[PDB]
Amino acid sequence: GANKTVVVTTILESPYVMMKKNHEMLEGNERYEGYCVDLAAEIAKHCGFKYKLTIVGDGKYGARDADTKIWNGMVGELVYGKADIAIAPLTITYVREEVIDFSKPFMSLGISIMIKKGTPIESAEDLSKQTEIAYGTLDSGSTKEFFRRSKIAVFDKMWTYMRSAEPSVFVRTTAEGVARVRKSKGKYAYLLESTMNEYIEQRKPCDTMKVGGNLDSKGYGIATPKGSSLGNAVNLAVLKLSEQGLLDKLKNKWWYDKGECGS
């Protein structure tokens, strides 16, 4: 039938989606800026659709409750028909791939460690062998699931510690984890994706850093409900933008060009 405005679910996560200067006085998509705001515009252009950006109601990426079997976050919004597409730093994972469709990836990342500068930690193994410095992950996302599921000895040991630590080491948003690192005088380290870690490293007050190699290697993809007719065109659009160098230009624009911690 007739063309319809595509509902895009996304998440307020710097620098992917941020509230634009003077947003309270603005309406619709003009309220937002960031890597994924730019990426949504480019995809829409190449695919020939109009769209409305919406911020995911529960502020989550997406996990399936083992009791109720219900998905939350952006994944849930796709699964239950509340959005047509997710354009966000949404990690391609096995359990998600079973229930939604994903484009080829538009950005690579791995789990990484964020420390307050000077903290004597260089690796996951270092974290796992000490008790002076607490550490945790985001709730309802792929990093927490990575630890929950890992059979790798070091990561399994870390999960056994994290899942039972009191007070809780988990946070609801990336911003909360970053704030916890910054205020904890070296006594909290945060496990988060390299992309977000490297962004924060270039933001004032320039008091955090990424340490060690990444723990894994994966990608973010644009997601649609399983079988959605939008999927094929969106996937080709990602590959076209990749090949044109536009994704590289956007990463540079939002990570480094406006970095606040020097050249």
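Note that residue numbering follows the sequence shown and begins at 1.
Visitor: Going by the mean C-alpha B-factor recorded in the entry, which is higher: 77 to 85 or 122 to 130?
Guide: Per the deposited B-factors, the answer is 122 to 130.
Visitor: Is the mean CA B factor in the deposited entry higher across 34 to 42 or across 57 to 65?
Guide: Between 57 to 65 and 34 to 42, it is 57 to 65 that shows the higher mean C-alpha B-factor.
Visitor: Based on what the PDB entry reports, which of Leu191, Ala153, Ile115, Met162 has the top C-alpha B-factor?
Guide: If I rank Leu191, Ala153, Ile115, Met162 by C-alpha B-factor, first place goes to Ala153.
Visitor: Going by the entry, which of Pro105, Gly136, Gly186, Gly141 has the most elevated CA B factor?
Guide: Comparing C-alpha B-factors across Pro105, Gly136, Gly186, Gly141, the top value belongs to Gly186.
Visitor: Grab the CA temperature factor for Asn197 from the record and place it in the lowest, middle or highest third of its chain.
Guide: As the PDB entry reports it, the C-alpha B-factor of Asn197 lands in the lowest third of its chain.
Visitor: Using the temperature factors of the C-alpha atoms in this entry, rank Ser14 within its chain: lowest, middle or highest third.
Guide: It belongs to the middle third of the chain when residues are ordered by C-alpha B-factor.
Visitor: When the modelled residues of the chain are sorted by Cα temperature factor, does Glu98 land in the lowest, middle or highest third?
Guide: Ranked within chain, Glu98 CA B lands in the lowest tercile.
Visitor: Comparing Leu239 with the other modelled residues of its chain, is its CA B-factor in the lowest, middle or highest third?
Guide: Ranked within chain, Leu239 CA B lands in the lowest tercile.
Visitor: Place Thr224 in the lowest, middle or highest third of its chain's C-alpha B-factors, as listed in the PDB entry.
Guide: For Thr224, the deposited C-alpha B-factor lands in the lowest third.
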